[PDB]
Amino acid sequence: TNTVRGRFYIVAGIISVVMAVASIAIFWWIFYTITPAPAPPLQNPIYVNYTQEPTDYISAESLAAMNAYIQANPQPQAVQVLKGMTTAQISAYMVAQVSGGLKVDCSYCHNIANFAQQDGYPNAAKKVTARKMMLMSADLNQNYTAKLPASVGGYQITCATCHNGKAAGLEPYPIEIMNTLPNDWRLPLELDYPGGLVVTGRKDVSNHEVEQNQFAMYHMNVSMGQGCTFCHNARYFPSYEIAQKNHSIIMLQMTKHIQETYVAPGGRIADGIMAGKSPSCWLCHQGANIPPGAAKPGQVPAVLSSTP
Amino acid sequence: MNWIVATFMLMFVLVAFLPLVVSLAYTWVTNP
Amino acid sequence: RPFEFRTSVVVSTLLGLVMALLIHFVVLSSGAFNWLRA
Amino acid sequence: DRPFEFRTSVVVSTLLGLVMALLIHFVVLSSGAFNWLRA
Amino acid sequence: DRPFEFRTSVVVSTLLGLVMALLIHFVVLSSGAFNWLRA
Amino acid sequence: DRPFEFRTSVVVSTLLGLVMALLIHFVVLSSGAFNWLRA
Amino acid sequence: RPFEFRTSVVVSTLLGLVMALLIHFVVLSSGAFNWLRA
Amino acid sequence: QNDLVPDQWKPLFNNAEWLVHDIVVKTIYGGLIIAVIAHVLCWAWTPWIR
Amino acid sequence: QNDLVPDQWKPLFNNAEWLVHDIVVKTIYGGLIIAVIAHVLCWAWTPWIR
Ligand code: BCL
Ligand code: BCL
Ligand code: BCL
Ligand code: BCL
Ligand code: BCL
Ligand code: BCL
Ligand code: BCL
Ligand code: HEC
Ligand code: HEC
Ligand code: HEC
Ligand code: HEC
Ligand SMILES: [Ca+2]
């Protein structure tokens, strides 16, 4: 108080405190001044978090031929899957969802001069595979996503799911998601669910099986963008008190079905419609609990939805 | 997240380290 | 030997260096200015 | 007696300069603004 | 007296040079810019 | 008196040479450029 | 003496044994030779 | 040794500490001037308040 | 001891520390010159402010 030492100590303390708080204040003022605000998510009336636009991959001649065909044909001429739709509705679907979920041109699969032509041009195999992928989508969301309750939202599987704006070169297991895992681990789809990855209390099992369980479980919670507690109460992992675990059982059955029926039907790759590329949880869920390419209810041709 | 309250709380967590550091410095200074 | 002056100057230098680094990284990662762009 | 020894100042300045040189080189290399070791 | 010893400076310089040479060789090998050791 | 002792220099040189020999041999072996020990 | 003969002998013996073991392990793991195949 | 240091701060500074303190304050003033110039140039480049 | 040190810096620098300090300042000057040339050449190559 009387000496210079005490006055210096008091002044130093107050200066240090005010300098610290002012440093934090100016740091955050500058930060909030220059840093832009994050962009709000998409408000597309079809997709959850995905957009078809800009539609620059579709040329002008394609649109002109589409308009001419609609004018000259009020009803479809040769359709085997898309039933109960006029040419206008079929063309709207083929612009918004087909060729907008793959981001390609109408000439990728069709012949521009005649949209009803089946063969005679070098891109007929693309149209065949597209029809088979329509039938697969119908089956998939007709007897696998129709088992989920209404509290999830009622979203549909469409072309932009599993594709995300690419035609070929799809990567179910990218290198970005192999961060803590060996870069050859794949989802064990040869097992039966429920029961394929149960380890608790079993005396015919050891730490090798627990490791194989943990690889799949970390894949799951990277694919959801969540922690382990999204599907579990961590005080007892066998418990089924969170509904996401039942949702995940249904989705494991669906992905095993995709592997058995469409990737390697009958055990041989040559008969599948996919280039031997096995599915994963990440292929649809790109780090979110609802896939960005999923269609909102009522936005998918009724023949390819869960309602029939 | 506020990011301004979190930084002050982080500073409190860090300033909780100070007495041990002063103990080490006192031991070093007083034993030449 | 008094410990006040050396401690004060050391803590001041450390604060200045840390603050300069933090502000530079914050400005760089914001994109407001051209600076190092591809 | 002296507030600072010359040896400590030299050591601190050398270490700080080396660390800063490495940091700037890595930041500029990672930015991608210059060609440098491409291919 | 002397602020520094010659032995300490020699040791520090040798260690720094060796570490720097190894680091630069590793970075250049991993970059892929030069042919060098290719299968 | 003497800045460096000869024995320590001999020991350091020997260990450094051995380490470098091992490192370069393993780099060249695993690179796959030379035939050497194959299949 | 600046150099002790015992230390050099011990270091040489240990280094020779370690190098021989290492070379044997690398050469057997290589798979180039038809040596101890089931 | 307490010489060339004013009596007000003699219980705190020596003469060597006085010289070091003088160097420090001169450095601070130079840095402040350069910082002001830098901010003026950056504002002339791209204003951050609009 | 305090023989080559100027009278102003006697309480700070020894005889050896003065020579070491001179070497250090000459090194810093050379490094600054080289850094200026390097920065000019890099700006000629690719400007980093647009
Ligand atoms: C868009 C943003 C602009 C930009 C806008 C600004 C603005 C605005 C400012 C700067 C400032 C700075 N900029 Mg800039 N700057 C840009 C890009 C860069 C790049 C780069 C590679 O791109 C670099 C390297 C820099 C670097 C710098 C520094 C020269 C300076 C920070 C001073 C400092 O650190 O004080 C803090 C450092 C300390 C407190 C410690 C330093 C003291 C010494 C070095 C420590 C050792 C000495 C001692 C003897 C050792 C012993 C200690 C004890 C005695 C024992 N800028 C871009 C182009 N820049 C600031 C400045 O002050 O200008 C001069 C400033 O205001
Ligand atoms: C030009 C492209 C980049 C850029 C890339 C770099 C890179 C890369 C570096 C710098 C460095 C500097 N840049 Mg720059 N810089 C940019 C833009 C800026 C801007 C701006 C507003 O735009 C500013 C203010 C700066 C400012 C600076 C300084 C902070 C710094 C130079 C200090 C110095 O003189 O070191 C001079 C160096 C000394 C005084 C140390 C002495 C070095 C000795 C002499 C050499 C030793 C070499 C070797 C180890 C020894 C040989 C071994 C034998 C056995 C003897 N840069 C742009 C964006 N800048 C350098 C740095 O941080 O160093 C501290 C650095 O490495
Ligand atoms: C050319 C392709 C690469 C590149 C690849 C490398 C590689 C690889 C190396 C360098 C090294 C150097 N490069 Mg280069 N370099 C590149 C581009 C650059 C650029 C630039 C602006 O583009 C710059 C400024 C530099 C600068 C440098 C220097 C810092 C350094 C050489 C000087 C030195 O200190 O070693 C000179 C060495 C001395 C002065 C000490 C003497 C050492 C003696 C010879 C002992 C050697 C041990 C011996 C093998 C053992 C046998 C002994 C017997 C048994 C008795 N490079 C490009 C990108 N560069 C080297 C380095 O970092 O060394 C420290 C290094 O290894
Ligand atoms: C040719 C194929 C490879 C290559 C493969 C190798 C391999 C493999 C080696 C080298 C080694 C060397 N290579 Mg090369 N090298 C290549 C390309 C290069 C390039 C280049 C720019 O392209 C350069 C500069 C070098 C440079 C070098 C030197 C750094 C080094 C030889 C000098 C030395 O110190 O050994 C001279 C050795 C001595 C002075 C010490 C000798 C000690 C005693 C005599 C030997 C050991 C004792 C004995 C084995 C056991 C007896 C004990 C009892 C009596 C029973 N190589 C290419 C890519 N290189 C060697 C090394 O790093 O050694 C340190 C090494 O092993
Ligand atoms: C042929 C197939 C492999 C190969 C497989 C091996 C294997 C395996 C070995 C070597 C070893 C050697 N090989 Mg070779 N080697 C190959 C190709 C090469 C090439 C080349 C450029 O291609 C080179 C330069 C070498 C060089 C070498 C030397 C470093 C070394 C032989 C010299 C030596 O010191 O041993 C001479 C050995 C001595 C001087 C020590 C002898 C000590 C006593 C006499 C033996 C003790 C054992 C005994 C059981 C204990 C007695 C106790 C009783 C109870 C009384 N090899 C190819 C690729 N090579 C050996 C080694 O590393 O030894 C250190 C070794 O084990
Ligand atoms: C222009 C874009 C940004 C911005 C980008 C930056 C960047 C980037 C920096 C600043 C820094 C500062 N800014 Mg600003 N700043 C902005 C807007 C503001 C606003 C406002 C109300 O708008 C305010 C009040 C400020 C205020 C400040 C201060 C806190 C600070 C300048 C003081 C200083 O460094 O000198 C104090 C003087 C000293 C500390 C002396 C020390 C300097 C000496 C010369 C040593 C330099 C190191 C040198 C490179 C070493 C070389 C050694 C040799 C080779 C031997 N800024 C806008 C929004 N601002 C700087 C900072 O935080 O530094 C601490 C800084 O780096
Ligand atoms: C770092 C590596 C080595 C070492 C490598 C060398 C080399 C190489 C040399 C010396 C030289 C010297 N060394 Mg030595 N030296 C070391 C450690 C020491 C230590 C110690 C206690 O550790 C001491 C006291 C010394 C002492 C000395 C002096 C006896 C001698 C002259 C210094 C001088 O004139 O520089 C003052 C001058 C400078 C610092 C020049 C600046 C260098 C700049 C970076 C070059 C750029 C030029 C620029 C473009 C132009 C600007 C001009 C400048 C303003 C000067 N060395 C370390 C271990 N030393 C020199 C010698 O013996 O002369 C034949 C010499 O060539
Ligand atoms: C491959 C991914 C295709 C792309 C690219 C486009 N279409 Fe398509 N189209 C495709 C198939 C497999 C079918 C048949 C559906 C079925 O159930 O059989 C169609 C059909 C049409 C039709 C109907 C024509 C008719 O039946 O007579 C039209 C009018 C149509 N498609 C339009 C159209 C447009 C405008 C496109 C570019 C945006 C386009 N298609 C691309 C497969 C693919
Ligand atoms: C996830 C179950 C998918 C759904 C939903 C749809 N497709 Fe797909 N398709 C999927 C995979 C894994 C692949 C193979 C990609 C590869 O890299 O090989 C495909 C491939 C096609 C192709 C062929 C691509 C080509 O030959 O270049 C077509 C034409 C195609 N898919 C069409 C298509 C349509 C129209 C869809 C909506 C009805 C659709 N697919 C959905 C996986 C999945
Ligand atoms: C939803 C995508 C889940 C995430 C996130 C996690 N788990 Fe899970 N877990 C989930 C299901 C659908 C099942 C049943 C597997 C089956 O084949 O029936 C499991 C199972 C487990 C078990 C074993 C349960 C048992 O009865 O023994 C364990 C130990 C387990 N899971 C652990 C676990 C961990 C550690 C997680 C974070 C990495 C985690 N789970 C996340 C669904 C989901
Ligand atoms: C594309 C064919 C998908 C594959 C591969 C996987 N999932 Fe999925 N999932 C998909 C859709 C379209 C929906 C929403 C359907 C609805 O009606 O809600 C889902 C939903 C889930 C959920 C529920 C999320 C929630 O917040 O409630 C879960 C927990 C889930 N899916 C898990 C899951 C797992 C574990 C998968 C790998 C085995 C997986 N999904 C793959 C589409 C697709
Ligand atoms: Ca991995």
Positions within segment I:30-50 being more than 8 Å from every other protein chain (Cβ to nearest Cβ) and of a type in the set (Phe, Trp, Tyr), in sequence order:
I:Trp43
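Look through segment A:26-64, keep the residues that are among the hydroxyl-bearing types (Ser, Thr, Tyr) and in contact (Cβ under 8 Å) with a residue 40 or more places away in the chain, and return whichever of them is surrounded by the most Cβ atoms within 10 Å (Cβ to Cβ).
A:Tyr47
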From the set of residues in segment H:1-46 that are farther than 18 Å from C:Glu4 by Cα and touching a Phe, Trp or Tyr at 6+ places or on another chain (Cβ under 7 Å), which is farthest from ligand 11 (Cβ to nearest atom)?
H:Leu4
Considering A:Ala288, A:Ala264, which residue is more than 19 Å from A:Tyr218 (Cβ to Cβ) and more than 16 Å from ligand 4 (Cβ to nearest atom)?
A:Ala264
Cβ-Cβ under 9 Å, sequence separation 6+ or interchain: first residue in segment H:1-29 and within 12 Å of chain I (Cβ to nearest Cβ) and part of a helix (DSSP H, G or I), partner of a type in the set (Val, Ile, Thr) and surrounded by 14 or more Cβ atoms within 10 Å (Cβ to Cβ). Which pairs?
H:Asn15/H:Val5; H:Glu17/H:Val5; H:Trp18/H:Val5; H:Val20/C:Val9
Log entry, pairs with first residue in segment G:7-24 being within 16 Å of ligand 8 (Cβ to nearest atom), second being assigned to a helix (DSSP H, G or I) and charged (D, E, K, R), beta carbons closer than 9 Å, six or more apart or on different chains, reads none
Mind counting the residues in chain C that are surrounded by 14 or more Cβ atoms within 10 Å (Cβ to Cβ), under 16 Å from the mean Cα position of the chain (by Cα) and within 25 Å of H:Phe13 (Cβ to Cβ)?
3
Against the definition (touching a strand residue (DSSP E or B) at 6+ places or on another chain (Cβ under 7 Å) and either closer than 30 Å to A:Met85 by Cβ or without any contact (Cβ under 8 Å) to a residue 60 or more places away in the chain (or both)), how does A:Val300 come out, yes or no?
yes
Of everything in segment A:65-88 that's outside any loop (DSSP other than H, G, I, E, B) and in contact (Cβ under 8 Å) with a residue 40 or more places away in the chain, which residue is surrounded by the most Cβ atoms within 10 Å (Cβ to Cβ)?
A:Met66
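Residue by residue, here is whether (1) more than 7 Å from ligand 10 (Cβ to nearest atom); (2) surrounded by 12 or more Cβ atoms within 10 Å (Cβ to Cβ); (3) among the acidic types (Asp, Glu) holds:
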residue: A:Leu189; (1), (2), (3): yes, yes, no
residue: A:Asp192; (1), (2), (3): yes, no, yes
residue: A:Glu209; (1), (2), (3): yes, yes, yes
residue: A:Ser248; (1), (2), (3): no, yes, no
residue: A:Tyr262; (1), (2), (3): yes, yes, no
residue: A:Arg268; (1), (2), (3): yes, no, no
residue: A:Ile273; (1), (2), (3): yes, yes, no
residue: A:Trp282; (1), (2), (3): yes, yes, no
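Tell me which residues, restricted to segment F:27-39, are surrounded by 10 or more Cβ atoms within 10 Å (Cβ to Cβ) and assigned to a helix (DSSP H, G or I).
Within segment F:27-39, F:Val27, F:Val28, F:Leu29, F:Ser31 meet the criteria.
Under the condition of being of a type in the set (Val, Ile, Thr) and loosely packed, with under 12 Cβ neighbours inside 10 Å, which residue from segment E:1-26 is nearest to the chain's Cα centre (by Cα)?
As a first pass, look at segment E:1-26 and keep what is of a type in the set (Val, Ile, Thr): E:8, E:10-12, E:14, E:19, E:24.
With the extra rule that they be loosely packed, with under 12 Cβ neighbours inside 10 Å, the set shrinks to E:8, E:19, E:24.
On the way: E:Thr8: 17, E:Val19: 3, E:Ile24: 7 Å.
Per the criteria, the residue is E:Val19.
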Would you mention how many residues in segment F:1-34 are more than 10 Å from chain E (Cβ to nearest Cβ) and aromatic (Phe, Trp, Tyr)?
2
Considering only residues that are part of a helix (DSSP H, G or I) and within 16 Å of ligand 8 (Cβ to nearest atom), look in segment A:263-308 and name the one that is farthest from the other protein chains (Cβ to nearest Cβ).
A:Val303
So the check is Cβ under 8 Å with 6+ separation or different chains; which pairs have a first residue in segment B:1-13 that's more than 15 Å from A:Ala20 (Cβ to Cβ) and a second one that's hydrophobic (A, V, I, L, M, F, W, C)?
B:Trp3/A:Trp28
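Tell me the residue from A:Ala113, A:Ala160 that is surrounded by fewer than 16 Cβ atoms within 10 Å (Cβ to Cβ), of a type in the set (A, V, I, L, M, F, W, C) and within 13 Å of ligand 8 (Cβ to nearest atom), please.
A:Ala113
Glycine also receives a Cβ, built like all others from the backbone with ideal geometry; neighbour counts cover every protein chain displayed. Taken together, the values in this text are just the output of simple stated rules run on the coordinates, not laboratory data.
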